[PDB]
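Only one structure is covered here, and it is reproduced in the block below.
Read the figures in this text as sums done on the coordinates, not as results from a lab. All Cβ positions, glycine included, derive from the backbone under ideal geometry; neighbour counts span all protein chains shown.
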Amino acid sequence: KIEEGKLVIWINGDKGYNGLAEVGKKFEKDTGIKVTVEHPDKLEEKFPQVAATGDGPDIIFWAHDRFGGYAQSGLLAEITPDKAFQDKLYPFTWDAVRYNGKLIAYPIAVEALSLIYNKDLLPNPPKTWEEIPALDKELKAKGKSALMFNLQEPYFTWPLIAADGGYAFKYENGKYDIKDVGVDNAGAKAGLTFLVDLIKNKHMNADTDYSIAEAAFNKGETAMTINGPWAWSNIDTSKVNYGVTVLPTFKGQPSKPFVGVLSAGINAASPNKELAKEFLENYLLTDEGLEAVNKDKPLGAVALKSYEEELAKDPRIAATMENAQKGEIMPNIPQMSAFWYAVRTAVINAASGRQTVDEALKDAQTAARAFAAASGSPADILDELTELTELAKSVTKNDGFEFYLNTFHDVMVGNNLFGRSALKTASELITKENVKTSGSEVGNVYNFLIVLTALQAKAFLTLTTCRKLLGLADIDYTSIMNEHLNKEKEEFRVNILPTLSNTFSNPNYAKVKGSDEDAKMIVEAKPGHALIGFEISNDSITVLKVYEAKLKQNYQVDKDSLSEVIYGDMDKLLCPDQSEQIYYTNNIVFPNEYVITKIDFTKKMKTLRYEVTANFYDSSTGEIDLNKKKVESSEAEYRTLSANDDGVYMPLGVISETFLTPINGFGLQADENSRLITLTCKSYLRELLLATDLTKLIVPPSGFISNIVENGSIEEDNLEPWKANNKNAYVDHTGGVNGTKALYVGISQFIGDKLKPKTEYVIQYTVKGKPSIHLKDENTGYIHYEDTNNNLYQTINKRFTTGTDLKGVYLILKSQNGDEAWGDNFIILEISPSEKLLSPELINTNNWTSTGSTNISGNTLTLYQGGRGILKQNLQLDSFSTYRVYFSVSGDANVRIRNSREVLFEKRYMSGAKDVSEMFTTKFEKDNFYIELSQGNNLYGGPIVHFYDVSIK
């Protein structure tokens, strides 16, 4: 229940509250806004008590170290000072008031411990710490001590300890790493050891409190003391002429005192956030405002650059600022509470002799880190429970995770089921639910065994760590786990693996319309490589991924040589449009030492054949012979698929074993009723598994390897070829797509030499907003692909070709007519070349043979009336191929294409037949085939017959 139109300020009583009230009176007399400055006791503890319920002051004045804990609970409002105002204050003071990249308070003053000395007895103060023990003896004879400061609090003894490299929490990238504590390093040891040695040599007293130290110095009983600007007011009254200088250096390095920044935060529950902003930015953080506070009680150094230059004329303020820059900014995280207790107890124990410096700091680093799981049993048990919950989510994407847990338990207690082992009954369930899944039975069941043993390994690992956490006696569960493991391997190898099938097919289908034109597609591996995996996916474009790689011993894939080649126009074959398509179907299977390296698809005259090449593979050397080949094809058995204007259901999904392995079988099946086209292959996984039981298997990648765009997905480290253009291009907006990073707008990346001239590519990107994506040559201006102004994340997928202009091609993401745009997961893919079906002419003029009266005049073939003419030309045909005879005929003629035994085509035209186009096919017989032009009858010698434009391709 806060009021509006009024400002209420809470500032500590040690501050100049009367001066801040005078600035408030100036604020009210210029704006009408009442400013009430209150100085409550326990102000650091009372603010979170009242602010948690929504009440409290509008502005809170305290050191920045406690404002992180306030921002933790969302008690401070995010201030929004413009860039012009931010430059009026020192940049290091803005970092003290920054929490998780958010500004939470305005910095007012800067304070830090400094060396205070008595000029009457010490004209020049000692520059280094090591001089103090020597100089102490020379003044002890005169009845005085050298140095006396507060030893009970660690805030005072820390600059000496942190001199040689001590630190509370490692500061990196604006974040305090709670797992890195620097109290037990060599630097902190040397620091505290010197402090203890000063006490052992009776140069300092381990019981000196704040009161004892201040009294000794202000009455000239000691030469030096360490204190802050707050202590100046009390020595001013004593008139003991004092100077404030830099702190002594230790081991050549300067003392590092903690730096406190007096900050003014705005209550996140205050309804006067605009009123508070005006008071702080325009009235308090000014030369007149800070001076008014300074006149009441000194502020020391100030964050305002303007007024600090005026204050630096005082050597005391210049010294506090000098010491502050040498020291380290106080961490504002709440874990400092453990740090303070750790160092406070360590210095006390080390001074009193209860512990040595090595012992005090070792447990101090344990206590400082205590808010994070200590390395060992506590840290591991948390990592093991998290890794186990990930394994749970791995097998709950609809069996279930509890199925694995039940099966795992049944193996441990030796609970056999249905007479066979529990692994067998679990395996039979795998082959009864994974029937429409990528991979074969060998792959799917072996994958089940991998997860089962991975859970088995974690269960035994969790047990071991749980016993260490409980202080229980060590037990080595390695042999009892290995015993269970070998029993599981033996069961799968002898009882489960042989009865499993090694055939895998496509898991899904997609209703798709292709083309009716002839087409060729040759999937071939590089010399020495083998085809190892396939994936068909159709999102507006049909893309075929083929995986090849070198082979190692026993059908293992060479991870170093794994390549991914992209083939386009997969839908253009396997699918007709408005017409029929004949699919020749023969399951090809090679012997047990040959690996498929080449699949040759041939679409000719609405017929689809394939010819598979398999080279010989050696199980002792990784060599695949380039000359010991075997070639089989879809020979003669054909299925016919009617026109059906609504498509043909192309095969979709991952045609691969669950682990990338070579294949020795391939076949296409087409159902004449359901129009389902099914690709099926046989895998080498069982031969691999039977030969090696030593996860060196490779899983078929989900995304596209060989992606031309580097860093395409922007979810990696700042390593990126993307270049921002020196504008508001926003390197890495974290919180983009799905939660991950995304490009905000612009950004450009050079691809350039990775492109090929006059080659077809596929671009894909998930963008939102109004993006202007261009793939243009920044030298000639040639645009290879453009995505101009388009409406509101969607994954656009288009296919394009480049031309002759590549030595400057960039992928540029910018916006249209000044708007914003987000783009993620850019993909550019090369489409390996396909080749045009070469159907040559098989009829030549000089290859005709005559019987009877005939005549050959150009394109006209004439069978004379009286002469019983028969023309015959031999045809050079292949074993399993589709051809087409074309001609026009006028007389009563009979065309027939025949061999000594087989006939491919025969028809009698007892009338004019213009533009005849008949297809014929060969079945394993290719030699001694000929076309025979003759008359339909031979009565009276036959009628006159003219053949026009005879052609066979």
- Item | Counting DSSP beta bridges with both ends in the chain, the antiparallel % (nearest 5) | 90 percent
- Please compute the net charge surrounding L697, taking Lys and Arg as +1 and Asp and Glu as -1 over other residues with Cβ under 14 Å from its Cβ. 0
- Task: Name the long-range amide H neighbours of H784: under 5 Å, sequence gap of 5 or more, or other chain; modelled H, no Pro or chain starts.
- Result: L775, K776, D777
- Item | Under 5 Å, built H, 5+ apart or other chain: amide partners of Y930 | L875, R898
- Karplus-derived 3J(HN,Hα), 6.51/-1.76/1.60, for each residue of region 103-113, Hz, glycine and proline x: 7, 10, 7, 8, x, 10, 10, 10, 10, 6, 5
- Which values of log₁₀ I(q)/I(0), to two decimal places, follow from the Debye formula for region 254-400 at q = 0.13, 0.17 Å⁻¹ with a uniform point scatterer at every Cα? -0.88, -1.05
- Message: Over 32 Å between Cα atoms: which of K137/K170; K34/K727; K559/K926; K29/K295; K393/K741; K598/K754 fall into that group?
- Response: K137/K170; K34/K727; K559/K926
- Note on the structure: Here the Cα Rg-to-2.2 N^0.38 Å ratio for region 529-642 is 1.22
- Item | Amide H contacts of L89 (H built 1.01 Å from N, under 5 Å, at least 5 apart or other chain) | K305
- Return the whole-Å distance between the Cα centroid of region 330-360 and the Cα centroid of region 1-71. 33 Å
- Average projected area [Cα convex hull, region 190-300], square nanometres: 10.9 nm²
- region 610-761: percent of C-alpha pairs farther apart than 25 Å? 62 percent
- Links exceeding 32 Å between C-alpha atoms in this model, out of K572/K923; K545/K604; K219/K362; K630/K953, come to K219/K362
- Message: To make sure I understand the rule: partners must be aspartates and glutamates, Cα under 20 Å from the Cα of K552, and not fewer than 8 residues away in the same chain. Which ones qualify?
- Response: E524, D560, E564, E593, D618, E623, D625, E657, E687, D693
- Task: Would you kindly compute the Cα radius of gyration of region 645-686 and its largest Cα-Cα separation (Dmax), both in Å?
- Result: 12.9, 43
- Message: Nothing charged except the Cβ atoms of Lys and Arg (+1) and of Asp and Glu (-1): what's the magnitude of the dipole of region 151-191 about its Cα centre? Round to the nearest 20 debye.
- Response: 60 debye
- Item | Cα-Cα over 19 Å, subset of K15/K42; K489/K696; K603/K629; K520/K629 | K603/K629; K520/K629
- Item | Residue-by-residue Karplus 3J(HN,Hα) for region 586-600, coefficients 6.51, -1.76, 1.60, Hz, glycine and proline x | 8, 5, 8, 9, 9, x, 7, 9, 10, 10, 5, 10, 8, 10, 10
- Item | Binned Cα-Cα distances of region 381-510, short to long, each 5 Å bin given as a whole percent | 2, 9, 18, 20, 19, 14, 9, 5, 3, 1, 0, 0
- For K768, go through the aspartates and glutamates and keep the ones whose alpha-carbon is under 17 Å away, minus same-chain ones fewer than eight residues off. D732, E786, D787, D819, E820, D824
- Task: Compute the convex hull volume of the Cα atoms of region 27-102, divide it by the residue count, and report the result per residue in Å³ as a whole number.
- Result: 130 Å³
- Query: Separation of region 228-306 and region 841-905 by C-alpha centroid, Å?
  - Reply: 109 Å
- Percent of alpha-carbon pairs separated by more than 23 Å within region 718-817: 27 percent
- Estimated translational D of region 586-653 in µm²/s (Stokes, Kirkwood radius over Cα pairs; 25 °C; 0.890 mPa s): 169 µm²/s
- 15 Å Cα-Cα reach of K251 towards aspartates and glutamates, excluding residues that sit fewer than 8 places from it in its own chain: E130, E131, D164, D197
- Of all the C-alpha pairs in the chain, what % are more than 52 Å from each other? 49 percent
- Query: What is region 90-232's relative contact order, in percent, from Cα pairs under 8 angstrom and six or more apart in sequence?
  - Reply: 33 percent
- Task: Starting from region 1-108, pick out the GluC sites (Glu not before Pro) whose DSSP state is loop and whose Cβ has at most 16 other Cβ atoms within 10 Å.
- Result: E3, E4, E78
- Please give the calculated 222 nm ellipticity per residue for the chain, where each DSSP H segment of at least 4 residues contributes -39500 (n - 2.57) and the sum is spread over every residue; nearest 500 deg cm²/dmol? -7500 deg cm²/dmol
- Task: May I ask you to evaluate 6.51 cos²θ - 1.76 cosθ + 1.60, the Karplus curve with θ = phi - 60°, for each residue of region 797-802 and list the ³J(HN,Hα) values in order in whole Hz, giving x for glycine and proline?
- Result: 9, 10, 9, 9, 10, 9
